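**Student:**
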Ligand SMILES: *C(=O)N1C[C@H](NOS(=O)(=O)O)CC[C@H]1C(N)=O
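Residue numbers (UniProt numbering): 25 to 303.
This is the structure we're talking about:
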């Protein structure tokens, strides 16, 4: 039993009248196709594309071009300034090197902007990641900018975009374990499960302790609007099977609490739809 009528209707009451454009992808483990909402919109990804980036970094690790214990120079003055980076507060000193593995964990789990931009340097920039996304057979998405360019120009975020179909496909290609070695896959799943970002988004209305591998993303506000409040992830159902849910709240005039509640409510509806199929 795939996407069926009261699921699409619960989603209907969650977004109708909200001053935002809400992208939705729901792919339960018995669905041939994802349920999509606003499938024709281009949703700015913000931090969500650190998942795509990590998959490319770990695929180049799997191909030997890089190594997880390979060191990278982090210079406090050289890197992207005045930005979100737990790495530049965790580590003291004017210059230090960290392993690619810690760059990955910082970018994926802590959504770190400096670590993310250093991984862009090692793989060949946004154009490397744009080619990789296409190489997975995902067409309706684009990546042209890094974190530094997005911080420099707030309109540039709209060109690092994905469609809801493309959001489902990357979540599926991550979840299905076929794009990466077993060691690389297992690190990415760990980083996506162990994040403490966005607790009120996909995890917000799920029972405590529900395993959710997910990547958040959020823009800043401008003139009382938030261009993007996103969360994309894999919910582990009680039988161990995956439920893929992505929600992208675009150009919202609602409060942050409402934007996250929208994400949470969709994830809950998809979740409870799957729970009644079992015990
Ligand atoms: C990611 O979108 N960002 C990095 C950082 N983490 O926020 S997140 O949990 O929504 O991913 C702060 C905001 C944002 C950015 N400006 O880069």
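Don't be surprised by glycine CBs; every beta carbon is placed ideally from N, CA and C.
#1: Quick one: what's residue 255 bridged to in DSSP?
#2: DSSP three-state label for residue 101, please.
#3: Quick check: what's the CA-CA separation for residue 192 versus residue 93?
#4: Tell me whether residue 75 is buried or exposed, calling it buried when 16 or more other Cβ atoms sit within 10 Å of its Cβ.
#5: Could you tell me the distance, in whole angstroms, from the CA atom of residue 212 to the CA atom of residue 78?
#6: CA-CA distance, residue 298 and residue 48?
#7: In the DSSP assignment, find the alpha helix (DSSP H) that holds residue 124 and state where it starts and stops.
#8: Do you know how far the Cα of residue 98 is from the Cα of residue 86?
#9: Count the other C-beta atoms from every protein chain shown that fall within 10 angstroms of the C-beta of residue 207, then say buried if there are 16 or more, exposed otherwise.
#10: Can the beta-carbon of residue 255 be found closer than 8 Å to that of residue 226?
#11: According to DSSP, simplified to helix, strand and coil, what is residue 57?
#12: For residue 141, tell me which candidate among 69, 218 and 169 has the shortest Cα-Cα distance.
#13: Using CA atoms only, rank isn't needed, just tell me which of 28, 27, 50 and 33 is closest to residue 272.
#14: If distances are taken between C-alpha atoms only, which option among 69, 38, 31 and 83 comes closest to residue 251?
#15: Please work out which residues of its chain come closer than 8 Å, Cβ to Cβ, to residue 132, disregarding the five sequence neighbours upstream and downstream, and give them in chain order.
#16: In angstroms, rounded to a whole number, what distance separates the CA positions of residue 147 and residue 230?
#17: Kindly indicate which three-state DSSP category residue 164 falls into: helix, strand or coil?
#18: For residue 180, report the span of its beta strand (DSSP E) as first-last.
**Tutor:** So, from the data block:
#1: 240 and 271
#2: coil
#3: 31 Å
#4: buried
#5: 8 Å
#6: 16 Å
#7: 124-132
#8: 23 Å
#9: exposed
#10: yes
#11: coil
#12: 169
#13: 50
#14: 69
#15: 74, 75, 78, 212, 215, 216, 219 and 239
#16: 36 Å
#17: coil
#18: Per DSSP, residue 180 belongs to no beta strand (DSSP E) and is neither H nor E.
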